[PDB]
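Structure first, then comments.
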Amino acid sequence: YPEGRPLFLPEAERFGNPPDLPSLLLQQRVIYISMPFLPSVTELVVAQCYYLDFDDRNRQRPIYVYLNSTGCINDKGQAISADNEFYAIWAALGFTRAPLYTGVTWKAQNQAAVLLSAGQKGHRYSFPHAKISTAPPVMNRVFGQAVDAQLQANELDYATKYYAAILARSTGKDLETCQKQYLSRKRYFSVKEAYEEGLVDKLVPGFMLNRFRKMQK
Amino acid sequence: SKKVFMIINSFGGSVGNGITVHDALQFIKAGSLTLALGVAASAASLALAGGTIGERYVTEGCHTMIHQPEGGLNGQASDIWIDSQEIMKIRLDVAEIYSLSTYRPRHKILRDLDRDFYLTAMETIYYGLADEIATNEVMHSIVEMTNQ
Amino acid sequence: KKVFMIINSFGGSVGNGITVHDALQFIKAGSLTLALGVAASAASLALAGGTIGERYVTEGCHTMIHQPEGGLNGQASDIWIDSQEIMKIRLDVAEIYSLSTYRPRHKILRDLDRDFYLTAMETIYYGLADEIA
Amino acid sequence: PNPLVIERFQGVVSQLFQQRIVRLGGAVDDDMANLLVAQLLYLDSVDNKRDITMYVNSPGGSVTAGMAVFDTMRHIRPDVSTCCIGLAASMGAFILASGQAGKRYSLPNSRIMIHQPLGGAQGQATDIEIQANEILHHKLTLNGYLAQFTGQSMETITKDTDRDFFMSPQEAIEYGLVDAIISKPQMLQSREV
Amino acid sequence: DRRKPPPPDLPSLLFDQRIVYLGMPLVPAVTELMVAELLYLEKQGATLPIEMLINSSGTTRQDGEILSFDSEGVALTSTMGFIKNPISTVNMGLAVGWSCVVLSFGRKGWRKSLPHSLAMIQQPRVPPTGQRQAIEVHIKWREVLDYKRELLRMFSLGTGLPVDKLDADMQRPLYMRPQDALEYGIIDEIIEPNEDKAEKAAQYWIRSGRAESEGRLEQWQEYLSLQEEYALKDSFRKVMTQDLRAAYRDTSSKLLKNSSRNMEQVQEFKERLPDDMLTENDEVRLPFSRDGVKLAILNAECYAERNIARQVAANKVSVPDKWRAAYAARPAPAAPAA
Amino acid sequence: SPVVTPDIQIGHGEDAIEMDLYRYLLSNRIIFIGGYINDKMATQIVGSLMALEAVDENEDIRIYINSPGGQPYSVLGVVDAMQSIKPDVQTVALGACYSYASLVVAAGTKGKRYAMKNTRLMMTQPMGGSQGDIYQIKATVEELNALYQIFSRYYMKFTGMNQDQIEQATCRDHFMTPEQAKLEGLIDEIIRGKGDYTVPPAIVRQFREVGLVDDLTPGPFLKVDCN
Amino acid sequence: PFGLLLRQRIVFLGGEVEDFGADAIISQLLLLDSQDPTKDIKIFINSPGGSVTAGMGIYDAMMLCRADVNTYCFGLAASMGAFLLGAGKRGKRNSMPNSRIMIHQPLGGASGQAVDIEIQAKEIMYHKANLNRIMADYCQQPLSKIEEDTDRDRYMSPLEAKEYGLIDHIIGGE
Amino acid sequence: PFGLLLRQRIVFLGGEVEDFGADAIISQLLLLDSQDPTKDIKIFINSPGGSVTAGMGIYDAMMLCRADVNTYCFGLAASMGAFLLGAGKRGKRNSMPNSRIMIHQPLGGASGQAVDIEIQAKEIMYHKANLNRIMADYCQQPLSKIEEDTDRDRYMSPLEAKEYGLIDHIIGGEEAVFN
Amino acid sequence: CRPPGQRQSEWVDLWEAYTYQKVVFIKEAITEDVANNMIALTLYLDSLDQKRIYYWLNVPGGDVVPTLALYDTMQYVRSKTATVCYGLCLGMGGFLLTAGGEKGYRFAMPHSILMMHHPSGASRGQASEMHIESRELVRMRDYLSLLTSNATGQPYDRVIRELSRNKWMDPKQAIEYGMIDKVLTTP
């Protein structure tokens with residue numbers, strides 16, 4: 001009969017620390033993705049941004065998104081998922097009034113890479129030894145007629161048109177420029193030349209080399 | 001709590017499960033607000049049509065896939081004739097839901113149900129499966145009414 | 001005080017039916033055995049192991065009565081030793097039923113030769129139950 | 001098993017071609033039906049008047065594989081004498097009923113089993129009702145052909161063909177599957193007085 | 001509110017409102033919970049109603065997979081007869097096998113169902129024996145006969161139909177519609193949708209204008225035009241086969257035989273005139289079709305495009321290339337070709 | 001045959017033993033098509049067509065077809081090789097034909113396309129599967145449109161119908177009886193028995209579409225009103 | 001191999017008799033009828049069992065032979081060879097003195113629909129009534145003595161098989 | 001059968017190209033050249049693919065043949081048969097009027113050590129570079145245009161194969177070719 | 001045994017409620033993983049108090065090496081033990097009946113199926129190491145027979161001849177053989 005109201009950081013500091021490691025990250029407004037885009041793991045990330053926009057007091061703290069996944073395309077090349085699952089991710093992440101600080105640990109294979117540039121400009125954090133890859137997506141095993149391959153070609157037509165619209169807003173290029181540079185062939189990007197291209201801006205905050213700390217001593 | 005909010009994001013399953021979620025949303029006295037994310041398959045678009053008319057929201061990246069349900073099994077000669085009349089009756093049963101909620105004629109539903117028909121965000125509003133394009137404001141009022 | 005359990009089993013070894021048989025007589029108080037649906041050979045030992053006068057059965061319940069089954073493979077000598085095992089287990093469960101049905105033992109071995117099924121009517125006549133619930 | 005049984009079985013089948021006897025054995029498949037079509041047109045070439053004693057012993061098979069076996073017997077010039085040894089199936093007793101009237105024989109301890117053809121349907125919703133029309137095309141033609149062979153009506157055939165129905169050789173004379181029974185005369189057994 | 005804790009999850013919330021949810025198929029793991037759920041509600045009062053939701057495929061899967069036996073469905077209906085409180089069951093979607101038997105075993109007058117639910121009854125499935133002996137097959141067939149007669153017994157008390165009627169329809173899997181289950185005896189009334197939701201949805205398409213501005217008027221006109229062209233097509237198919245039967249009766253009138261009076265002596269003696277018999281043979285009268293309707297006016301179609309044929313008269317001796325059969329066939333004055 | 005298929009052959013002579021069944025039938029200008037039409041047996045039918053071409057250039061080479069389907073390019077190689085030889089080819093349809101074996105019996109010469117009474121024919125659009133990236137999806141739909149445009153004008157040359165009748169028939173799964181395929185122009189002569197003139201249920205449905213049979217007068221046909 | 005004895009009117013019922021295994025023997029039984037309908041035909045039985053619908057095709061094909069039928073058991077006759085051992089002509093059925101003879105009801109399986117159990121139980125009862133009539137014919141035994149012995153597995157020596165009626169003379173001496 | 005075409009010097013290349021099926025065609029090709037070095041050899045190619053190692057041995061066997069060779073394409077020619085199609089003598093290259101021609105690079109898998117990967121990476125590039133410069137000789141095409149057409153995984157109708165330079169003549173008078 | 005019970009005021013599981021009541025239940029077979037939980041449970045009850053421990057067995061068989069781990073913990077502890085039989089103890093489970101409680105503390109149900117046989121093993125490879133594992137299986141065979149001879153009072157030469165083959169006992173013969181002490185009645 002009483003309402004189950006949630007508690008936040010100005011209120012739940014007297015109730016102790018959270019017991020489990022995803023619940024420490026949920027209190028710190030940090031979402032760590034260590035799994036590719038499965039239908040089981042996409043339901044929790046929708047409820048996570050729904051919880052962060054549920055009863056937040058200020059609604060202005062930046063949400064840190066750490067991504068480490070293959071997206072929907074595995075290392076062998078086939079599609080373990082489809083590209084329509086990413087449309088539920090960007091529509092739910094960009095709904096909140098809070099800015100989206102995006103970071104990458106190791107890899108972002110053709111679905112997490114377009115989410116890497118989709119964050120707030122001026123705060124794209126990245127590790128200095130990560131790998132970034134932008135390739136056009138593929139489809140799973142579909143057995144149909146001649147008109148069935150045409151409608152599947154229209155689904156990948158909207159995939160390249162939606163992915164280039166995100167890269168045109170991030171990198172500041174045209175619509176046809178991002179299709180020729182990124183979404184044509186399976187290429188890879190390092191950390192240094194991606195800053196000149198416009199994928200990332202800086203490194204992670206508080207980064208310092210252990211050898212550079214010995215030079216200060 | 002006079003309105004419920006259920007996010008629809010699934011690849012669909014059997015057509016018998018999509019009938020139950022559509023009949024349950026049209027039975028309760030409270031309002032039913034349905035929002036889709038990703039796609040709406042044959043088991044998911046019945047929950048999209050199961051909501052009340054006026055508050056069916058879809059985003060710009062949202063798609064909609066309508067198709068006839070599959071099935072079939074192995075048996076005797078006359079056993080296949082019984083269930084083939086049932087699949088043709090279920091295909092007419094889902095055509096009654098799409099003709100009532102979207103105000104489309106019955107002969108034009110079965111033409112689009114004959115093949116795997118995909119819809120964009122623009123033509124879903126023009127067909128009648130949804131009401132308007134979702135944005136930030138249509139869901140900002142959702143998360144603030146459920147706090148009290 | 002009085003234990004009340006639901007009897008429902010369609011399979012299983014009869015060796016586990018002897019474990020639940022002696023556990024029911026270990027209780028000092030009475031026992032209420034109410035069978036529902038199917039009663040296998042492991043389930044009928046718990047049905048007959050209850051107190052006389054409190055074994056209920058429904059109109060649609062059935063009781064499966066059959067001999068023990070086993071799987072034997074190996075050397076020639078231990079098959080003959082295990083052949084006497086399945087024989088005296090079948091003679092043991094005949095003496096378990098004989099304490100309740102008040103029948104001679106040679107007629108129960110003829111019913112234990114093949115599979116024997118009973119409806120709700122002749123279960124009362126054969127003494128596995130008491131009345132119809 | 002071992003090919004020595006296959007080599008000694010290949011010899012006695014090769015002697016059956018000299019006595020104008022063909023062999024229908026095992027399940028009716030697509031490859032075995034093509035081996036039996038080519039062996040029927042060759043026996044007509046050496047003589048177009050002598051009959052062919054068809055050996056029928058099959059526990060089942062495909063429906064469209066036996067359809068090529070059926071119509072190739074009605075158009076050839078001599079009649080085909082069909083005999084039932086061991087067991088007849090739904091595609092086996094249809095070969096038994098397709099013989100010439102007055103020359104269909106059987107043994108008194110063989111089993112004649114008839115039912116509707118099996119199968120299945122899988123695919124889209126339009127693929128279900130189309131594939132259901134294929135089995136009903138196989139259901140109505142086998143019931144239409146059996147009404148002309150046995151002489152019975154249409155409604156009494158489908159009331160027995162819809163389920164698995166076994167038949168005795170004593171009742172097959174009264175029903176119309178086989179015409180006569182070939183058997184040796186019995187011994188003069190004395191009664192118990 | 002402070003002394004009573006809230007329910008932790010969703011099945012505990014429906015348990016507090018006395019609602020039993022059968023959402024899982026009939027496995028032996030779920031049947032031991034339902035005999036513990038119904039026996040617990042009997043100890044809390046034998047007068048309070050029990051809400052029951054049915055959503056399962058029964059003891060077997062819908063594709064034909066055998067996961068359990070039909071005997072666990074017998075023990076589920078035995079607790080419904082042992083209990084002594086009114087039970088209101090609601091069918092939710094699928095109901096195959098023993099799931100509709102517990103739907104029909106509820107109290108008469110409270111059996112509810114959705115308008116688009118699925119109901120089906122069929123014969124129980126039998127697992128294979130694995131090439132055992134001969135005499136065990138007869139005992140296994142007796143196990144089928146005791147379980148089939150027990151299924152017809154529990155199905156007769158819930159509906160009211162006799163045993164011989166219910167056994168013939170159970171040989172084939174017969175699916176039941178919610179409109180068909182009223183006259184069959186499965187349910188008692190149909191759960192209606194919300195009338196407040198129906199009038200608010202109908203008023204929204206008129207005020208917003210989406211029922212006419214998005215091209216619905218041109219497509220609903222084609223639905224009535226295709227139904228008009230389909231009603232014109234079968235009417236032309238019916239008048240052509242009526243002229244074939246009228247020409248068949250005209251050609252049969254030029255016959256001189258006594259085969260019709262032989263069937264009159266062996267049949268009944270009352271109806272010596274053409275009249276009704278109140279049976280299967282409903283003889284239609286096709287020349288008695290003088291309508292004279294002055295409302296069905298013909299359209300703007302001229303029939304002057306019909307060519308002129310030879311118009312061979314009836315008194316001709318020309319016979320086609322056929323086998324000879326004129327043994328007793330005398331030449332008619334209206335048909336000399338016989 | 002569930003376990004094994006024995007060698008059903010006959011070779012008998014007063015002095016020497018002859019060959020087996022398929023070798024003797026190949027010497028009499030008769031080719032058999034059985035099983036799945038893959039790339040392996042496609043060289044067997046084309047290679048035997050070139051073997052009997054060098055023997056005689058005027059005798060009619062006969063091909064017996066009994067296959068439930070096959071590879072779409074392997075069944076394409078036997079048609080155009082059959083149309084690029086000197087003598088005429090008499091085709092005989094055996095068993096069933098599922099969208100590829102119905103093409104080779106329609107690819108015979110006019111007046112020599114013989115089908116039996118209980119033969120099943122079928123005509124559909126070719127199938128296929130999508131693979132990977134959009135540069136191969138667009139290559140896939142351009143391949144399925146190429147296979148549909150080639151097989152469209154094959155039936156226009158051998159049957160003489162219109163392209164609208166082919167698109168309405170090959171849209172879904174359409175099974176044709178030889179009595180119906182004789183009207184479409186796929187075959188030339190129907191093979192019957194000793195006065196066998198039974199009506200298949202596809203023509204009873206065709207008689208119901210034109211209005212010759214009703215439910216009151218079913219005639220001497222099979223029952224069809226059990227729908 | 002076996003071709004040297006096939007010309008000497010000897011057949012071998014070896015291995016498990018399946019639907020194809022029974023087809024090889026009953027095809028040979030009519031070739032020896034076509035070669036000579038006067039000379040004797042000897043059948044050597046060594047089988048561990050088989051189905052009833054395949055082993056019934058060997059009995060009527062053996063009874064179709066107008067000549068004399070000799071049946072000799074070599075080794076094991078488990079539930080199928082014991083029926084064919086007595087099915088020969090009286091005075092010619094023999095067996096080795098150290099062979100095992102097992103008589104049993106014919107095996108069968110039942111699956112599918114519940115209405116198939118109506119049909120599968122009837123063919124078992126028809127095969128039981130058919131085999132018990134034949135086994136009581138050449139053995140000169142009443143029907144009450146046959147049914148109480150074939151209900152379970154029953155191994156027997158050729159000593160008591162002589163007085164039963166399966167064999168006629170012992171060929172191995174004692 | 002196949003032996004009747006062998007004495008008339010006509011061989012068949014059917015099915016998937018393997019290592020066991022490679023040397024069977026090479027062993028019978030040198031036997032026809034030793035019997036008659038003046039009579040032409042007609043081949044028939046129907047292959048849905050194959051290995052680049054065993055497929056080059058068929059090309060070296062036709063170059064080792066002193067007599068002229070004639071090719072015929074029926075059925076399929078996918079990434080290995082189209083290379084063996086144009087590799088014959090110019091002016092004696094015929095095919096079916098509806099056969100398909102696929103010009104695409106061969107495939108390959110790589111696994112193992114880090115030094116092991118870069119060896120087979122440049123090996124399949126050297127196989128890609130050698131297959132491009134060999135097929136550009138008998139086609140009379142520039143190298144930059146023929147190296148990008150093999151990257152597109154699209155089949156080729158025999159109508160546009162004639163002016164491309166891969167084939168010379170079409171059996172059927174060049175009117176039966178359907179688009 | 002899946003629904004839990006109560007100890008005095010809160011919900012505790014059924015096997016752990018008897019752990020506080022100093023009753024040990026063994027229902028599954030003796031494997032390596034369940035023997036790690038049994039010998040850790042014997043040391044836990046020995047550290048709390050010093051009373052008699054009750055063991056109820058349902059072992060249908062098991063391995064040799066984890067069974068000797070549970071046998072040696074019975075003699076190491078300073079408390080007393082008592083083994084009570086219900087159901088069946090087959091293989092090495094019947095040896096644990098004669099582990100402790102020799103002075104009138106071996107009880108059994110009147111329908112318990114007993115089983116005694118020599119242990120077994122399997123280890124292949126080199127022929128030189130086959131001699132070493134054969135010496136280990138021989139030294140495990142006679143040592144398991146020496147403990148059954150001292151607990152039951154049987155001569156050592158009779159256990160080698162009888163338990164090498166298959167041997168089964170009813171509770172009527174288990175009294176005269178010295179394998180059990182008393183038979184449990186109806187109360």
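Here's how to read the names in the structure tokens: chain A, B, ... by the order shown, residue numbers from 1 in each chain, ligand numbers from 1 in the order shown.
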
Neighbour list for region 54-62 of chain H as a list in words, cut-off 6 Å, only C-alpha atoms, skip fewer than 5 positions in-chain: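 Here the answer would be residues 19, 22 and 26 of chain H.
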
Counting only C-alpha atoms, chain D residues within 12 Å of chain E, as a ChimeraX atom specification: /D:120-122,162-163

Those in region 61-158 of chain D with helix (DSSP H, G or I) from DSSP, as an MDAnalysis selection string: chainID D and resid 63:74 93:97 125:150 155:158

Distance query residue 12 (chain G) at most 8 Å, only C-alpha atoms, self and fewer than 3 positions along chain excluded, as JSON, numbers by chain: {"G": [25, 43, 44, 45, 46]}

Could the residues in this selection be saved with C-alpha atoms as a compact mmCIF listing (two decimals), in the first residue's frame?
# COMPACT_ATOMS: atom_id res chain seq x y z
CA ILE G 25 15.02 -66.19 -48.46
CA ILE G 43 16.36 -75.01 -44.61
CA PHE G 44 19.14 -74.13 -42.16
CA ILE G 45 17.94 -71.85 -39.35
CA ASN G 46 20.27 -69.62 -37.31

Contacts of residue 130 (chain D) at 12 Å (only C-alpha atoms; same-chain gap of 2+ positions) as a list in words: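 Selected residues are residues 72, 80, 81, 84, 85, 87 and 88 of chain B; 120, 121, 122, 123, 124, 125, 126, 127, 128, 132, 133, 134, 135, 136 and 137 of chain D; 122, 172, 173, 174, 175 and 176 of chain F.
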
Spatial neighbours of residue 209 (chain F), 12 Å, only C-alpha atoms, chain gap at least 4 places, as a ChimeraX atom specification: /E:233-234,236-238,240-241 /F:202-205,213-214

All residues 10 Å or closer to residue 31 (chain H), only C-alpha atoms, same chain fewer than 5 positions away omitted, as a JSON list (two decimals) with N, CA and C atoms, in the first residue's frame:
[["chain", "number", "residue", "atom", "x", "y", "z"],
["H", 9, "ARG", "N", 38.35, -37.69, -78.01],
["H", 9, "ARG", "CA", 39.18, -36.59, -77.48],
["H", 9, "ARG", "C", 38.33, -35.46, -76.90],
["H", 26, "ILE", "N", 44.51, -33.70, -65.93],
["H", 26, "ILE", "CA", 45.85, -33.44, -66.46],
["H", 26, "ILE", "C", 46.44, -34.70, -67.06],
["H", 36, "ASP", "N", 47.85, -37.60, -80.80],
["H", 36, "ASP", "CA", 47.72, -36.77, -81.99],
["H", 36, "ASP", "C", 47.96, -35.30, -81.64],
["H", 65, "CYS", "N", 49.83, -28.43, -73.62],
["H", 65, "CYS", "CA", 49.31, -29.14, -74.78],
["H", 65, "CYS", "C", 49.75, -28.42, -76.06]]

Contact set, chain B to chain D: 10 Å, only C-alpha atoms, as a ChimeraX atom specification: /B:67-88,90-91,113-115

Create the file for the chosen residues now, containing C-alpha atoms and written as a CSV table (one decimal), in the first residue's frame.
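Result file follows (again-v6.csv):
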chain,number,residue,atom,x,y,z
B,67,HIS,CA,3.4,-10.9,-42.2
B,68,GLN,CA,1.2,-14.0,-42.1
B,69,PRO,CA,1.9,-16.5,-39.3
B,70,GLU,CA,3.7,-19.8,-40.1
B,71,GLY,CA,3.2,-23.2,-38.6
B,72,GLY,CA,2.3,-26.7,-39.9
B,73,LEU,CA,3.1,-30.2,-38.7
B,74,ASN,CA,3.4,-33.8,-40.0
B,75,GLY,CA,0.4,-36.1,-39.9
B,76,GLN,CA,-2.1,-38.0,-42.0
B,77,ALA,CA,-3.9,-36.9,-45.1
B,78,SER,CA,-7.1,-35.5,-43.5
B,79,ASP,CA,-5.2,-34.1,-40.5
B,80,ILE,CA,-3.5,-31.4,-42.7
B,81,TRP,CA,-6.9,-30.4,-44.1
B,82,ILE,CA,-8.1,-29.5,-40.6
B,83,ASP,CA,-5.2,-27.2,-39.5
B,84,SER,CA,-5.0,-25.6,-43.0
B,85,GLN,CA,-8.5,-24.3,-42.4
B,86,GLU,CA,-7.3,-23.1,-39.0
B,87,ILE,CA,-4.3,-21.2,-40.3
B,88,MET,CA,-6.6,-19.6,-43.0
B,90,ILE,CA,-6.3,-17.3,-37.9
B,91,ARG,CA,-5.1,-15.3,-40.9
B,113,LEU,CA,-0.4,-9.9,-45.2
B,114,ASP,CA,0.4,-12.1,-48.2
B,115,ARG,CA,4.1,-11.2,-48.1

How close does each residue of chain A get to chain F, giving the shortest atom pair and distance in Å to one decimal for every residue with an atom at most 9 Å away, counting only C-alpha atoms, sorted by chain and residue number, as a Markdown table?
| residue | atom | partner | partner_atom | distance |
| --- | --- | --- | --- | --- |
| A:77 | CA | F:132 | CA | 8.0 |
| A:78 | CA | F:132 | CA | 7.0 |
| A:79 | CA | F:132 | CA | 8.1 |
| A:136 | CA | F:133 | CA | 6.9 |
| A:137 | CA | F:133 | CA | 6.4 |
| A:138 | CA | F:132 | CA | 4.7 |
| A:139 | CA | F:132 | CA | 5.6 |
| A:140 | CA | F:132 | CA | 7.3 |
| A:141 | CA | F:130 | CA | 6.4 |
| A:142 | CA | F:130 | CA | 5.6 |
| A:143 | CA | F:129 | CA | 4.5 |
| A:144 | CA | F:128 | CA | 6.0 |
| A:145 | CA | F:127 | CA | 5.0 |
| A:146 | CA | F:144 | CA | 5.1 |
| A:147 | CA | F:141 | CA | 7.7 |
| A:148 | CA | F:141 | CA | 8.5 |
| A:149 | CA | F:141 | CA | 5.4 |
| A:150 | CA | F:141 | CA | 6.1 |
| A:152 | CA | F:137 | CA | 7.8 |
| A:153 | CA | F:137 | CA | 6.1 |
| A:156 | CA | F:134 | CA | 6.5 |
| A:157 | CA | F:134 | CA | 8.0 |

Write down as a CSV table (one decimal) with N, CA and C atoms, in the first residue's frame the residues of chain A whose backbone DSSP state falls under strand (DSSP E or B).
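Saved to out_6.csv:
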chain,number,residue,atom,x,y,z
A,30,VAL,N,27.0,5.2,-14.4
A,30,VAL,CA,27.9,4.7,-15.4
A,30,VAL,C,27.4,3.4,-15.9
A,31,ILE,N,27.3,3.2,-17.2
A,31,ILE,CA,26.8,2.0,-17.8
A,31,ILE,C,28.0,1.4,-18.5
A,32,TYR,N,28.3,0.2,-18.1
A,32,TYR,CA,29.5,-0.6,-18.7
A,32,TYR,C,28.9,-1.7,-19.5
A,33,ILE,N,29.1,-1.7,-20.8
A,33,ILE,CA,28.6,-2.8,-21.7
A,33,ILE,C,29.8,-3.7,-22.1
A,63,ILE,N,25.9,11.4,-18.2
A,63,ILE,CA,25.9,9.9,-18.1
A,63,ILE,C,27.1,9.4,-18.9
A,64,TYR,N,27.9,8.6,-18.2
A,64,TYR,CA,29.1,7.9,-18.7
A,64,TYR,C,28.7,6.6,-19.3
A,65,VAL,N,28.9,6.4,-20.6
A,65,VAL,CA,28.6,5.2,-21.3
A,65,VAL,C,29.9,4.5,-21.8
A,66,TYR,N,30.3,3.4,-21.2
A,66,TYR,CA,31.5,2.7,-21.5
A,66,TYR,C,31.0,1.4,-22.3
A,67,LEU,N,31.5,1.3,-23.6
A,67,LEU,CA,31.1,0.3,-24.5
A,67,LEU,C,32.3,-0.6,-24.8
A,68,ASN,N,32.0,-1.9,-24.8
A,68,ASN,CA,33.0,-2.9,-25.2
A,68,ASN,C,32.2,-4.1,-25.7
A,69,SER,N,32.0,-4.1,-27.0
A,69,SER,CA,31.2,-5.2,-27.6
A,69,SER,C,31.5,-5.2,-29.1
A,73,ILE,N,27.7,-7.6,-35.2
A,73,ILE,CA,28.5,-8.4,-36.2
A,73,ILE,C,29.7,-9.0,-35.4
A,79,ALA,N,25.9,-12.2,-38.9
A,79,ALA,CA,25.1,-11.4,-38.0
A,79,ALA,C,24.5,-12.2,-36.9
A,100,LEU,N,25.4,12.9,-22.8
A,100,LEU,CA,25.9,11.6,-22.9
A,100,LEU,C,27.4,11.6,-23.2
A,101,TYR,N,28.2,11.3,-22.2
A,101,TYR,CA,29.6,11.2,-22.3
A,101,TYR,C,29.9,9.7,-22.7
A,102,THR,N,30.5,9.5,-23.8
A,102,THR,CA,30.7,8.2,-24.4
A,102,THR,C,32.2,7.8,-24.3
A,103,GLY,N,32.5,6.6,-23.9
A,103,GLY,CA,33.9,6.1,-23.9
A,103,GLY,C,34.0,4.7,-24.4
A,104,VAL,N,35.2,4.4,-24.9
A,104,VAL,CA,35.5,3.1,-25.5
A,104,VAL,C,36.7,2.5,-24.7
A,105,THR,N,36.6,1.2,-24.5
A,105,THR,CA,37.7,0.5,-23.8
A,105,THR,C,38.6,-0.2,-24.8
A,106,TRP,N,38.1,-1.1,-25.6
A,106,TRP,CA,38.9,-1.8,-26.6
A,106,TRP,C,38.3,-1.7,-28.0
A,107,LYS,N,37.1,-2.1,-28.2
A,107,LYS,CA,36.5,-2.3,-29.6
A,107,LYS,C,35.1,-1.8,-29.7
A,108,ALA,N,34.8,-1.5,-31.0
A,108,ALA,CA,33.5,-1.0,-31.3
A,108,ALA,C,33.2,-1.4,-32.8
A,109,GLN,N,32.5,-2.5,-33.0
A,109,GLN,CA,32.4,-3.1,-34.3
A,109,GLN,C,31.1,-2.7,-34.9
A,125,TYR,N,35.7,10.4,-24.8
A,125,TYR,CA,36.8,9.8,-24.1
A,125,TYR,C,37.2,8.4,-24.8
A,126,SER,N,38.4,8.1,-24.8
A,126,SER,CA,38.9,6.9,-25.4
A,126,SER,C,40.2,6.4,-24.8
A,132,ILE,N,38.9,0.9,-33.4
A,132,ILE,CA,37.6,1.4,-33.9
A,132,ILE,C,37.4,0.9,-35.3
A,133,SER,N,36.2,0.4,-35.6
A,133,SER,CA,35.9,-0.1,-36.9
A,133,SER,C,34.5,0.3,-37.3
A,134,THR,N,34.4,0.9,-38.5
A,134,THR,CA,33.1,1.3,-39.1
A,134,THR,C,33.0,0.5,-40.5
A,139,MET,N,23.1,-8.9,-43.0
A,139,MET,CA,21.9,-9.5,-42.6
A,139,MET,C,22.1,-11.0,-42.4
A,143,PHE,N,15.8,-16.8,-46.6
A,143,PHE,CA,15.6,-17.7,-47.7
A,143,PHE,C,14.3,-17.2,-48.3
A,144,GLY,N,14.3,-16.4,-49.4
A,144,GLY,CA,13.1,-15.9,-50.0
A,144,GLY,C,13.2,-15.9,-51.5
A,187,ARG,N,36.9,-1.3,-42.8
A,187,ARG,CA,38.2,-0.7,-42.4
A,187,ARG,C,38.3,-0.6,-40.9
A,188,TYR,N,39.5,-0.2,-40.4
A,188,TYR,CA,39.7,0.0,-39.0
A,188,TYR,C,40.4,1.4,-38.8
A,189,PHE,N,40.3,1.8,-37.5
A,189,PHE,CA,40.8,3.1,-37.1
A,189,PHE,C,41.6,3.0,-35.8

Residue 73 (chain C) surroundings by only C-alpha atoms, 12 Å radius, close-in-sequence under 6 positions cut, as a list in words: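 What passes the distance filter is residues 79, 80, 82 and 83 of chain C.
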
Which residues of chain E sit at most 9 Å from chain A, using only C-alpha atoms? Give each one's shortest atom pair and distance in Å (one decimal place), in chain and ascending residue order, as CSV.
residue,atom,partner,partner_atom,distance
E:1,CA,A:1,CA,5.7
E:2,CA,A:2,CA,8.2
E:4,CA,A:1,CA,8.5
E:5,CA,A:1,CA,8.3
E:6,CA,A:1,CA,6.7
